[PDB]
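Peer 1: part one of the complex, left exactly where it sits:
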Amino acid sequence: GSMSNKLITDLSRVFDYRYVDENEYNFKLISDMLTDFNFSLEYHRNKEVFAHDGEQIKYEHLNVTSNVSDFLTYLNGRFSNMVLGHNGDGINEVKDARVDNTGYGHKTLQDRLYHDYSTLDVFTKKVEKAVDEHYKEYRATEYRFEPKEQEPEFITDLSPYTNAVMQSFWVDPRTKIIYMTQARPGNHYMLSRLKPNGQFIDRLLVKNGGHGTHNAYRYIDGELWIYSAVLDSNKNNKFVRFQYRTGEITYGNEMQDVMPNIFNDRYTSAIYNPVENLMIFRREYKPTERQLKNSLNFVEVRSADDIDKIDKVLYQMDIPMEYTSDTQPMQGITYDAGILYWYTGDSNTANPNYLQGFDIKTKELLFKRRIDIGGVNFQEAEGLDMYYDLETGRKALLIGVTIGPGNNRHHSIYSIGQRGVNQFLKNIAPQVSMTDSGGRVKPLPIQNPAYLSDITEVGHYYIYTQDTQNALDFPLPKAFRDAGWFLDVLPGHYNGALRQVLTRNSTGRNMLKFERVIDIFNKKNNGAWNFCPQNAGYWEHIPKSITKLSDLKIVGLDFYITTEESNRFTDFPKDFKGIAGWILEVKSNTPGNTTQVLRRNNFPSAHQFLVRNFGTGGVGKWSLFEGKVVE
């Protein structure tokens, strides 16, 4: 009927006879295709009649290139002309040939041929020169990459929720997520993931991972892998690898050793180059070597495909001093097209930060350049990265900076890129806004949320009545949830505290306002809602389910109690029920206690107000205060 030579690429999800039968079928098809390729090559070489046309065959002799068919046609034509061609009047035919195409009569055939060839040779060389010059100009405009000369351009800020200097950063060319490291006090390092505008996404604490100076980030068949330098239970060095996940990770079965036998004799860290599929290693020489080699750090270039199994150092180079302390310690490392980029060094403050370039094969210093920024008109180094654009193949040298003293630590990425790379990186994600791009309220991330504290991105939001019903952390009990609210999520501090402001969407009722601090990393640390009184001249009613005034404990939130409603309250002053309207005031006290005031809404009669304190201190009695009517 038909027979498809196409392989089964969608397999059975269960190990069956069918799963085996699909694999055998594929291997049978592949075996036949391979046997056919082997037969085809042999047949091409030995039997195929018209393996090629003669036009596909080069014929070259003494600086002349033609093809076999055209040269055969040429030879046959030379024969045919000698047989068929008329014998001319020699001299007169030669005399006629002295006249060039413009009609100019040269003195000799050789003069004419010389003039013709020279005219075309000079012309074609002039066209070739213009081609090379236009191409050189085009390539310089588009692909110029000079880290020794170009001024770094600001790309973005990086906003982790950790107050520490940045060790390293890596921009994922596929997802555009930024992976950054920050050392933590207990020989741990924090690995934060950010959006390309620097906005925090999530994080991973690498427990006993050391300082996190740098990691190698490698994609393997659409899956991302992180190659990290760590420490075990005994604080001994280990070069391991693992896939990202949020939360925590420690040396054990959760991560894979690479080649422990050759790397764990020293501190071993690495960076991955996707262009050449190389894995560049930065290994610390043992303390005893620092006195003899005068080189505190060394770099070894190895292959990634070869790192998946075999041991082979392609090129090795010692990092001289002063490129590793005291006034110039290592702050950044990257690699591109046979050049090792090295960023030094501390600074705070006096001494400038330097970017160096070394030829990894010759070990020579190619350039040393001062790196300084003046756009926030001191500044300290924080990592290097080599960005390779997935769509265009274009590149940029990324320079990470951490600016300010201690508390005021802010991080930024600067770049030296090829044409359009910096503009692309700066504009992947617009900077964080309180609204959408058009100035409208941002959408909520959850429908009828269990926790309002789950809204962790700053912004102006709106919560409808039905979306407040499930809230477990709402400022008002469920009996009061009859309205829509404006929600403002504002920045807090550098470690995860944010502010949240709720305002009731009321035109004919007062705009109730509450504010709190939330800890986005632990809701148990969330602050209580602060009621901020504001009033438009409207009354506030008590929900009908409430029969005790003692249930009303929000400080500064008044209620109106009509004459009829006053009968419903079991804790209402006994001899003051069903006679007048009252304003209930709820005032401050100690934790577990409340102060309440009921003030009469009297018109011709004497003013009366009743005060009580109640809670853990006991159920206090009401005390009456009465005034004297005057004119």
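Peer 2: Cool, the structure landed. Residues are numbered from 1 along each chain as shown, chains lettered A, B, ... in the order given.

Peer 1: which residues of the stretch 201-350 of chain A fall in strands?
Peer 2: For the stretch 201-350 of chain A, applying DSSP state E, counting those that start in this stretch gives strands covering A:216-220, A:223-231, A:237-242, A:247-249, A:256-257, A:267-273, A:278-284, A:297-303, A:315-319, A:330-336, A:339-344.

Peer 1: to residue A:497, which of these lies closest?
Peer 2: Of all the strands of the stretch 201-350 of chain A, it is strand A:247-249 that lies closest to residue A:497, at 20.1 Å by C-beta to C-beta. Bear in mind the C-beta positions are built from the backbone N, C-alpha and C, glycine included.

Peer 1: does anything pack onto the closest one? Which helices or strands?
Peer 2: Counting contacts by 3 or more C-beta pairs under 8 Å, 6 or more residues apart in numbering; DSSP states H and E, strand A:247-249 is packed against strand A:200-206.

Peer 1: may I have the strand it packs on as CSV, with CA atoms only?
Peer 2: Extracted as CSV, the C-alpha positions of strand A:200-206 are listed here (Å, rounded to 0.1, in the frame of the first residue of the first chain):
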residue,chain,number,x,y,z
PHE,A,200,13.7,39.1,42.0
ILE,A,201,12.1,35.8,41.0
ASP,A,202,13.2,33.2,43.5
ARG,A,203,16.4,31.9,45.2
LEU,A,204,18.5,28.9,46.3
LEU,A,205,20.8,28.7,49.3
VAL,A,206,23.8,26.5,48.6
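
Peer 1: also put chain B in, sequence below:
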Amino acid sequence: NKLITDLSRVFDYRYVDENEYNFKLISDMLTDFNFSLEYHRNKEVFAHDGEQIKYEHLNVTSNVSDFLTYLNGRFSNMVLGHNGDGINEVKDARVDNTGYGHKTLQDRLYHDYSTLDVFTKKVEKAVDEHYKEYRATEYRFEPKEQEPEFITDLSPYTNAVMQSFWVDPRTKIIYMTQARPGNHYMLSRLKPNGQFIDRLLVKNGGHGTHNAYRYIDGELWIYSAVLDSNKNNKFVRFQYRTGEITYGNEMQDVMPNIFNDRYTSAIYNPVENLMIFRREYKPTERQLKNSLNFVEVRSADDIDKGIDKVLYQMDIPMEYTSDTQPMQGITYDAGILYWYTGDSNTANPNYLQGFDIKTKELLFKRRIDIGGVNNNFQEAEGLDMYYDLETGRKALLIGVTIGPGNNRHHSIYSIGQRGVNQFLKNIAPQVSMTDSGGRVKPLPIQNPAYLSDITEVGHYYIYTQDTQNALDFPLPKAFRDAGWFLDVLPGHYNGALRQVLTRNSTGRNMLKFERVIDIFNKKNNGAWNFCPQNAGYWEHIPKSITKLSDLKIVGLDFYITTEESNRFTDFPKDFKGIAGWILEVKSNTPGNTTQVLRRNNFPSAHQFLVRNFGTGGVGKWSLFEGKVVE
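Peer 2: Alright, chain B goes in next:
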């Protein structure tokens, strides 16, 4: 990439996944080797050198190149052997420009011509290659593989799915449609950052699936499908205006005798001056053709002249207008009809297809998944072909209405030529509360009648003189002696906003008021809420006020001096001109106010007077007096 040779020793997800991966890689490698061998056989120019080709005749083996050299050399020697004594001028001509002496004139001419022919072909090859590289870098346009890039959000004040959008290349205004109940559609105009400008309700317009937008001698025209009074299909044109429009004298019929036999809508291509029509088959026609829609390509000039001539026509197969894959977007560019389909839910992906309009063939079908960073499910919503006025560069715009159910947020994504997306993203920066330099934004009106007319979010400042005319100010005119900071904040998706007024005071308290406004109807505007804040300053009652009953703002205290107390006609009769007092204004029912006058006594006994007044009547003052203690 590389074949996985170390497989999982446990039959699980990774085993099946990497087993499938290997077979996909093997399939590609087999196809590549077959292509290489076929290309070697049929197309490679210089598949071989002649020295690799055996020439064997009488048990003597040579190669093709050396035998060709031998034959050519024989020929020339034969010519020299039958040339008499030659011609010296011809002998001289055997020497080429380098000084190399060839055997015959023919050998010299051959060599010269070949040298120049090979050289000029080498220059031509470099020209074509440099130009191909340049054109690929600058003008690559591949909707089948390029990843859509976020351009902007669209922010209408209509909470409905977007039907269509069009980016005006001259003004940069975005024209978007949203279907409304009652068979109307709303046409909203937005800034290129999505900010709402104004809108037009197209009464009995239908769903507003798409309009054709065309400039005719500097005048913008909108070609729409609309309904008449009898609910009959009318293909029309009209120019934009705000408010409302309906079928009649305000709309011009466009070839009614040709299009009004069915539902007809259009899109306009400015490059080829084509109007592309999407038309419906009637229920009876649908089963026979297995198609709901058909597309007609016509000249816009022919439309202007009223001449009926279908240049190219194509039926859309039902699978592209189905329950699972309904039409969500349509556009056209350089002989290709782009068709966007998708469902709102069910984990079925949305698709972008491209059809060759001339041959009717499907060129590509691709899943459109905005699995990016600006997204962190998708509801497909329109296509547009943006054509840059300055450069002629283009982009395929993809509209998305995202969000789980309600409320809807809209965004434009793009597949563009070099620099187009960067340009579109940055025409207008995203909305800010300040100007670009962090300063207060300018007010849209000087001495405004209504503060509610300030409808764009932002931080503003109103000078004393610009508060004088306000008809909706939180304080009466007697109190308008200061500048105020005005903050206009987002409210909800439908048009409610918040407004906050704060008095610019250094030596007086910073009075603060807040309200909700309805930007579409000021009658729905909320009352101003006073938010008390105090720096320790007193607040004076304007001299023009002689009744304490005029002071009704809750929480706003006033100080009354001994002399001032005499002026108030409603001051407790026996308490005038004897002391200073603090007037407190407290909460009550609507139409009523509570007031407290507390004495500013120093050595004498404290006194305070309370009253309630308004619709409940003019309540009497009640005195409360304390006992001096140590």
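
Peer 1: so residue A:28, which of the three states?
Peer 2: Put simply, residue A:28 is helix when judged by DSSP: H, G, I helix; E, B strand; the rest coil.

Peer 1: ok, it to chain B distance?
Peer 2: Using C-beta to the nearest C-beta, to the nearest Å, residue A:28 is found at 13 Å from chain B.

Peer 1: which ones are touching that residue?
Peer 2: For residue A:28, no contacting residues are found, by C-beta atoms under 8 Å, 6 or more residues apart in numbering or on different chains.

Peer 1: need the contact partners of stretch A:71-79.
Peer 2: Taking C-beta under 8 Å, 6+ apart as the rule, stretch A:71-79 contacts A:54, A:59, A:66, B:68, B:71, B:72, B:75, B:106, B:110.

Peer 1: quick check: the two most widely separated of those residues?
Peer 2: Across the contacts of stretch A:71-79 (C-beta to C-beta), the longest gap, 21.6 Å, separates A:54 and B:106.

Peer 1: can you give me the neighbour number for residue A:429?
Peer 2: The tally of other residues near residue A:429 (other C-beta atoms under 10 Å in any protein chain shown) stands at 18.

Peer 1: my bad, residue A:117
Peer 2: By other C-beta under 10 Å, the residues close to residue A:117 number 19.

Peer 1: that one: what secondary structure?
Peer 2: helix.

Peer 1: and residue A:514, by the same measure?
Peer 2: Secondary structure of residue A:514, per three-state DSSP, is strand.

Peer 1: slot chain C in:
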Amino acid sequence: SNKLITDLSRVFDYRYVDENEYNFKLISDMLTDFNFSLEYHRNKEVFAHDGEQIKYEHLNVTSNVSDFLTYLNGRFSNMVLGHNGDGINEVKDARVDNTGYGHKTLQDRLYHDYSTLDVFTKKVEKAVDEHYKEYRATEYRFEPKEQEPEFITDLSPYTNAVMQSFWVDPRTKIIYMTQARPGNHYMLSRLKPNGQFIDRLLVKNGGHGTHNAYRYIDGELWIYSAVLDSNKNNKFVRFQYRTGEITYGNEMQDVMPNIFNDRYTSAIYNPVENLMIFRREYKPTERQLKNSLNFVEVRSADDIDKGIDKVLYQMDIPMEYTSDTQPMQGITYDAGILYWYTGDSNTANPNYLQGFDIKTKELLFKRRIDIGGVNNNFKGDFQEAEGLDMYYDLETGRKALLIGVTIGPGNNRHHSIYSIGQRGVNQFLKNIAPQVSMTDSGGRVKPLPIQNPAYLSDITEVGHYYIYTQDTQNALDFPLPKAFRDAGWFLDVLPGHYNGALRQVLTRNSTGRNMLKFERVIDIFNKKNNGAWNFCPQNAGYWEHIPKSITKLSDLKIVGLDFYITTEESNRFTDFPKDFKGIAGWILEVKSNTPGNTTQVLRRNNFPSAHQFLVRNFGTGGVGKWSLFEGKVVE
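Peer 2: Adding chain C to what we have so far:
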């Protein structure tokens, strides 16, 4: 040799995984071997083929390469060539071109060959020139006569006045703008490339500041300005930027005074050609009826440095470009062209951009500039003032014509830069600094400019900030005394007005205590004008303790900030009602009064007993006495 296993194990065993591993490795090796074999066949194999496998077909001949070679060799032998005369056979043979075509004559063959190559090379040359012309038009097109101006940024000085001029520093990206002031002064404000205010200089008796020449000399920026002396005489000078105030005298250097001080003289500096372009006025004695008011001189900046008087090119500006309805607003120069921007704000007539060829004096173009669009809501009819500038990019040498605008009216006055640039210039200028944000780009709190600041009023840029406990300790303008400084605070700096009043909001970072909130207005140009902090009460139900170091209730003066006093604590207050110490818990309320005075209420935290509250007023009015109010216990 090894073959693929096609009969696999029927159980997911170790044998199954191995057989699959073996096959994949064997497939990979076979494909590598096939690819090596094909590459070797193409490039190195000697006798890759026999000539019989290679097709030779031409017209009525169908053959293979080997048989055709045999045929040609055979033709050699049986060919009978005549002894046709001296050079006869050689000339005849030369008539055959490289394709094997036999021309009738040597001249015909040479004509054909030359013409073929001449036509071909001219075709290649035409494509080269066309590709280059297209490339240059795409990259370097600069047409102020037709290109549409693009919005770059707003400019945000702290001065309410029309902008006279602006200059974008290509090295620092700082924008230098001038605004005329009453009293014949001009304000020179420096801004970030997003328009954010940095600092300013008041050029006392500087005149209008119509335009300055900005020039770098050995890494030093110099400003060449028209200024006036004490006698209101015109002085052409230079000075380096400083903040504050400057006036004619020792701080300003005269620039060829004997040449330029006979009239009003202002300049612009072109860095490409190192030219100083002068705009000068004709004096009334030099003018007849409708004569021109202004003239422009082109001079070398080297000649200016050396004090050499040499006008390279001069041109009078026709009166129609310096009129009541078309007065001068902007001036710039580029590549032999003088750009002139005219406009009258209140007459509703249009604004124009003109280009003049400075050498020939001819008008090249006149176009209406209407920048009313999506970026200005679309306030085109309100274009109030304008300036021009030529931006020259340091990195690329690319350029842009910058068009400055002020859109009015009066108080609603706002400034913007629009541009007509070469490819990528506008995108570059728009994105040097992102527009001002309340947060960093990732939505986090912005860093503070000072550690443990003396004044919070020194934080003058809008934004959300955080101050740690230790950084509040030495604040001289904090809303609470030092005894209360035990917490971190959120600080919000908000815009105020156009002249420099900003708002500051402080909120206590409290989860288990109330979030104390204070707000004030600051004058960023004079802290003596700073307002007092307003306390905004908000309460989560927590009590507030009086620091143990405080023993006077009279020290607690913040209005609306309540404190709780325990029975034990009530004994330490020297101003507590004498007969009410150590008997109960109390809530202290602090209420409004006149400046210099405070009202305090002590309300008892009684449970079964009668409620009591005590009121007092104290301060400049005297130390008022406490008054007791007692209630009656009811059921």
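
Peer 1: repeat for the contacts of stretch A:71-79, accounting for chain C.
Peer 2: With contact meaning C-beta under 8 Å, 6+ apart, stretch A:71-79 is reached by A:54, A:59, A:66, B:68, B:71-72, B:75, B:106, B:110, C:56, C:58, C:61, C:65, C:68-69, C:72, C:75, C:79, C:93, C:96, C:98-102.

Peer 1: drop anything exposed from the residues you listed.
Peer 2: A:54, A:59, A:66, B:68, B:71-72, B:75, B:106, B:110, C:56, C:58, C:65, C:68-69, C:72, C:75, C:93, C:96, C:98, C:100, C:102 (16 or more other C-beta atoms under 10 Å in any protein chain shown).

Peer 1: interface residues of the stretch 301-450 of chain A facing chain C?
Peer 2: Residues of the stretch 301-450 of chain A lying close to chain C (C-beta under 8 Å from any C-beta of the partner chain) are A:374-375, A:377, A:403-410, A:419-420, A:423, A:426-427, A:431-434.

Peer 1: quick one, what contacts the residue positioned nearest the centre of chain A?
Peer 2: The residue lying closest to the centre of chain A (C-alpha atoms, centre = their mean) is residue A:177, at 2.0 Å. Neighbouring residues of residue A:177 by C-beta under 8 Å, 6+ apart: A:193, A:194, A:195, A:196, A:201, B:373.

Peer 1: let's go with 7 Å and repeat that
Peer 2: Applying C-beta atoms under 7 Å, 6 or more residues apart in numbering or on different chains to residue A:177 gives the contacts A:193, A:194, A:201.

Peer 1: and chain C, which of those residues contact it?
Peer 2: The residues of the contacts of residue A:177 that also fall near chain C, by C-beta under 7 Å from any C-beta of the partner chain, are residue A:194.

Peer 1: who is the residue lying closest to residue A:422 once chain neighbours are set aside paired with across the strands?
Peer 2: Closest residue in space to residue A:422, ignoring its immediate chain neighbours: residue A:153 at 4.7 Å, by C-beta to C-beta, 6 or more residues apart in numbering or on different chains. Taking DSSP bridges as the rule, residue A:153 bridges to residue A:415.
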